[PDB]
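Working through the structure, step by step
Listed here are the chains, written in short residue letters.
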Amino acid sequence: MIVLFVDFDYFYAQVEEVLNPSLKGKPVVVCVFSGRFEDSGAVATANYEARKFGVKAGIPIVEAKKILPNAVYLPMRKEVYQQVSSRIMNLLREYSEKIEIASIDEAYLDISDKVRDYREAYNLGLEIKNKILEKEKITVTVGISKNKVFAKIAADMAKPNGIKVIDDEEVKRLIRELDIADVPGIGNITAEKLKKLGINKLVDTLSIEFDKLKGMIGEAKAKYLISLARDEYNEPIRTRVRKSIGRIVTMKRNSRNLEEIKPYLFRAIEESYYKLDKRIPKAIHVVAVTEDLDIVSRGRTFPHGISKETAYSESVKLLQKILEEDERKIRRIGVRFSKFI
DNA sequence: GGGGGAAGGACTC
DNA sequence: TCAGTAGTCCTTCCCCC
Ligand SMILES: Cc1cn([C@H]2C[C@H](O)[C@@H](COP(=O)(O)OP(=O)(O)OP(=O)(O)O)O2)c(=O)[nH]c1=O
Ligand SMILES: [Ca+2]
Ligand SMILES: [Ca+2]
Ligand SMILES: [Ca+2]
Ligand SMILES: [Mg+2]
């Protein structure tokens, strides 16, 4: 199997730069303003100019402004990024039927039936980068290897605006020299647990007692890491089918007053249904983000599709369940639909 | 024992 | 004073042949 992974460079910010060339060269920060107070919210992403001084995804907008008060701050316009993204994904389908869109700015192409070796794979990669640049003037990074995981690792190493191939030999090398925290799917929580086991490289997972590893990071993650260590990971590239559609919004102020939360909850339901398009969900979850930012969720699965009317009444039941089972104040409220017919 | 599922939370991105 | 809201897994409790 030969896999080619594509990840668009500093996507949200780059799109803004394509739509407004004068931004090129200046630090640009795409922001998610929450409305609670002046500059309240988080950074969605920033271009490399801004990222260079510590302004990156996730940090508070207020903090970004302390670091680069003169950077250009733009409100996130996800709809616009989504449409640009959709066009680029369509350019990708031309290179392979087997494509897995993993997020708004990345996808995997199984080009096994398209090239014969990495040399050709590399060229196809350059071809794809030129194509996207020509059509949308967007730079992306390509990663190529024997499976999805290493194709992604390949791209992470070559970004931004790059291209890299990790041949069979380098895969074996990485299984020994690569920091395990840099393996896709390993976050801070898991990385830390692994360090507490003396595990810092994929190969190390092979010298520990399975159940000990398992008992520490879960059966799935343990098996995942082990299969990679054994150079046995080979998950197929498959069409992604969205499994849930929802909306969660921050309220002007925290509260646990039903009548005061409802409007938001109902707004969330309205937007979610629009997104559902023609999909009919059999499950609904009311999601609350408490004042301390903990997440409390209560849902229900019905034997038949949920009409928007049922969604209204049922969501109110779930919200109250949360209210009676959690005394904290609610900061954000939303709904999430799944199990589509 | 294990197929099968619903529900709430953990972890990742 | 930290947005948003998807996709696995894991746990528990639980029905049932
Ligand atoms: C990470 C992260 C990304 N995003 C959005 C912003 C990004 O443009 C997009 C893709 O995430 P990356 O993870 O691919 O963000 P980036 O495109 O700016 O990437 P790079 O370092 O590869 O050049 O999704 C968030 O909104 N919040 C986040 O916490
Ligand atoms: Ca990405
Ligand atoms: Ca990217
Ligand atoms: Ca990591
Ligand atoms: Mg909690």
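Residues numbered from 1 in each chain as written, not as in the entry; some residues may be left out. Chains lettered and ligands numbered in written order. Heavy atoms only, no water.

This is how the line gets drawn: UniProt positions are given in the numbering used here, feature names are shortened, and annotations may be inferred rather than shown by experiment.
Per the PDB entry, chain A is named DNA polymerase IV, and its organism is Sulfolobus solfataricus. For this entry, the PDB title field holds "Snapshots of replication through an abasic lesion: structural basis for base substitution and frameshift". Recorded in UniProt under Catalytic activity, the annotation for chain A is "DNA(n) + a 2'-deoxyribonucleoside 5'-triphosphate = DNA(n+1) + diphosphate". Comment text from UniProt for chain A, heading Subcellular location, reads "Cytoplasm".

1. Topic: the layout of surface pockets
Cut-off, in case you're wondering: For each structure, a 1 Å grid was placed over the protein atoms alone; sets of points admitting a 1.4 Å probe that cannot get out are labelled cavities, open sets with protein on both sides within 12 Å along at least five of seven lines are labelled pockets, and lining residues have an atom within 4 Å of a point. Grid points are joined across faces, edges and corners, and a volume is the space filled by probe spheres set on the points. Numbering of helices and strands runs from the N terminus; a helix is a DSSP stretch of H or I covering at least four residues, while a strand is a stretch of E covering at least two. Charged means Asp, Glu, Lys or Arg here, nonpolar means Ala, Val, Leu, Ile, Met, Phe, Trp, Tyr, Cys or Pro, and polar covers whatever is left, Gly included.
Taken as a whole, the largest pocket encloses approximately 2100 Å³ of empty space. If you trace the largest pocket, you find 46 residues lining it, with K78, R242, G246, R247 and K275 closest to the centre. Listing elements by their share of the lining of the largest pocket, those giving two or more residues are β2 (28–33), β3 (41–46), α4 (78–93), β5 (99–103), β9 (244–255), α11 (258–276), β10 (281–290) and β12 (330–340). At nine residues, the largest contribution of residues to the lining of the largest pocket is made by α4. Its residues placed into classes, the lining of the largest pocket shows 18 nonpolar, 13 polar and 15 charged.

2. Topic: the coordination of the calcium ion (ligand 3)
Going by this rule: Donors, by definition, are the N, O and S atoms found within 2.8 Å of a metal, the threshold being 3.2 Å for Na, K and Ca, and water is not counted, so a site can look incomplete.
Those donors, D7 (OD), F8 (O) and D105 (OD), are the protein atoms that reach the calcium ion (ligand 3), and they lie 2.3 Å from it. Ordering the donors of the calcium ion (ligand 3) by residue number gives the pattern D-F-x96-D.

3. Points about the UniProt feature "active site" in chain A
We apply this condition: Residues are treated as being in contact if the distance between any of their heavy atoms lies within 4.5 Å.
According to UniProt, the feature "active site" maps to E106 in the numbering used here. Looking at the secondary structure, you find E106 in strand β6 (residues 106–110). Among all residues touching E106, those that are not within four sequence positions of it are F5, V6, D7, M89, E100, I101 and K152.

4. Here's the deal with the protein's contact with DNA strand B
The test is simple: For this description, a residue counts as near a given molecule or strand if any of its non-hydrogen atoms is within 4 Å of it. Distance and chemistry together define a polar contact, namely a pair of N or O atoms within 3.5 Å, with one atom able to donate a hydrogen and the other to accept it when in protein, and with adjacent residues in sequence counting only for side-chain atoms on both sides.
Of all residues adjacent to DNA strand B, which total 16 residues, the nearest are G185, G187, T190, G299 and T301. At the protein interface, 100% of the atoms of DNA strand B within 4 Å belong to sugar or phosphate. A distance of 3.5 Å separates a phosphate oxygen of DNA strand B from a polar atom in the backbone of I189. Here a phosphate oxygen of DNA strand B and a side-chain polar atom of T190 are 2.6 Å apart. Of all the secondary-structure elements, those providing two or more residues to the surface near DNA strand B are α8 (188–195) and β11 (295–301).

5. What about the environment of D156?
Topologically, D156 is positioned in helix α6 (residues 148–158). Along the chain, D156 and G143 lie 13 residues apart, while their C-alpha atoms are 7.8 Å from each other.

6. Observations regarding the pairing of β5
Counted only if it meets this: At least two bridges found by DSSP between two strands are what make those strands a pair.
Note: β5 against β6, four bridges, orientation antiparallel. The residue bridging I101 from the neighbouring strand is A107, located in β6. Between β5 and β6, which pair antiparallel and follow one another directly, the connecting turn spans two residues.

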